[PDB]
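Take a look at the structure set out below.
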Amino acid sequence: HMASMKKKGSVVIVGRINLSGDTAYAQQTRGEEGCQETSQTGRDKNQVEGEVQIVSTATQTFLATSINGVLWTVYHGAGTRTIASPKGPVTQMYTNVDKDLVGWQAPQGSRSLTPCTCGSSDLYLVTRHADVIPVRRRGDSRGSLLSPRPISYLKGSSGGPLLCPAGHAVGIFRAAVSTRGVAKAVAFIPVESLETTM
Ligand SMILES: COc1ccc2nc(C)c(O[C@@H]3C[C@H]4C(=O)N[C@]5(C(=O)NS(=O)(=O)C6(C)CC6)C[C@H]5/C=C\CCCCC[C@H](NC(=O)OC5CCCCC5)C(=O)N4C3)nc2c1
Ligand SMILES: [Zn+2]
């Protein structure tokens, strides 16, 4: 009944993938309990840094990537949820279920990737474990792994970036193509798809 109907919590930033120096590595900034309370209130006072955030709901964890002042992630992770912020929950400014895409204004203190204009096909996928995985672009929204690996290694990395050799954003990781549990290829939202959404 309506008196009892509950509301879903916000997406919460719980860490980041540090790409600052010569070594990529994941950092956790909030533990599970603090994530739970922050999801309910939507008020996140934590300092945000970097381009690739690790984000969580009450039931899922995945990635979100800042490009051109928008923090982008996948609809299958975030749904229509708000994101927690110092001032309370922030409503999505982009939602496209047809592309599996959502976006919020990039949180203050984040750094944004620049959209790639290179037209290169030698890409790099960044995972939630801070692995940098070479990917050859094979189409507008897909690329093959140069070194296949079980899908277990890619789970939780949707919303992460595919980058060009110069470090620009080429796309947002959306799905994995697997055979007998081995990921041979990935699908991603191309940055041009974001650039038109913007
Ligand atoms: C609800 O409204 C929606 C609108 C649009 C929408 N659009 C897509 C494409 C979608 O796809 C599902 C979620 C994807 C996923 O799991 N994303 C990764 C991930 O990590 N998620 S995640 O962070 O763990 C999680 C779940 C958020 C917390 C990156 C995957 C890593 C490992 C794969 C595990 C086995 C799964 C293999 C799948 N393969 C595949 O679907 O291949 C395609 C591509 C070509 C065309 C047809 C087939 C696969 O990847 N997904 C299945 N759901 C929706 C839902
Ligand atoms: Zn580029």
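If you're matching positions, the sequence shown starts at 80 in my numbering and goes up one per residue. Note that the Cβ used here is the ideal one computed from N, Cα and C, for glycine as well.
Of the listed residues the options, nearest to residue i (C-alpha basis)
i: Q139; options: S237, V270, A82, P244; result: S237
i: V256; options: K234, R190, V181; result: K234
i: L150; options: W183, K166, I92; result: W183
i: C195; options: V90, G246, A137, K87; result: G246
i: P269; options: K263, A262, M277; result: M277
i: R207; options: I92, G88, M81; result: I92
i: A185; options: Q107, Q132, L224; result: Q132
i: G121; options: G167, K87, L224, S99; result: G167
i: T193; options: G100, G156, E130; result: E130
i: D101; options: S220, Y232, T258, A209; result: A209
Residue i versus residue j: straight-line alpha-carbon distance, rounded
i: residue 43; j: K85; result: Here the chain comprises residues numbered 80 to 277, so residue 43 is not present and cannot be evaluated.
i: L241; j: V211; result: 9 angstroms
i: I230; j: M172; result: 31 angstroms
i: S191; j: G158; result: 22 angstroms
i: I146; j: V153; result: 14 angstroms
i: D123; j: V176; result: 26 angstroms
i: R217; j: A248; result: 16 angstroms
i: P244; j: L202; result: 6 angstroms
i: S164; j: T275; result: 26 angstroms
i: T117; j: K263; result: 37 angstroms
i: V265; j: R160; result: 25 angstroms
i: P227; j: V261; result: 7 angstroms
i: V90; j: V181; result: 12 angstroms
CB contact below 8 angstroms: residue i versus chain C
i: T161; result: Absent from the structure is chain C; it holds one protein chain and no more.
DSSP state of residue i mapped onto helix, strand, coil
i: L273; result: helix
i: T206; result: coil
i: residue 54; result: Given a span of 80 to 277 for the chain in the structure shown, any question on residue 54 remains unanswerable.
i: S135; result: strand
i: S231; result: helix
i: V91; result: strand
i: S83; result: coil
i: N125; result: coil
i: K263; result: strand
i: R190; result: coil
Where the alpha helix (DSSP H) through residue i begins and ends
i: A157; result: 154 to 157
i: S118; result: 111 to 120
Terminal residues of the beta strand (DSSP E) in which residue i lies
i: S145; result: 140 to 146
i: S257; result: 248 to 258
i: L241; result: 240 to 242
i: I162; result: From DSSP, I162 is part of no beta strand (DSSP E); its letter is neither H nor E.
Worksheet item: Residues with a Cβ closer than 5 angstroms to any heavy atom of ligand 2, in chain order?
Response: Those residues, listed in chain order, are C195, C197, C243, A245, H247.
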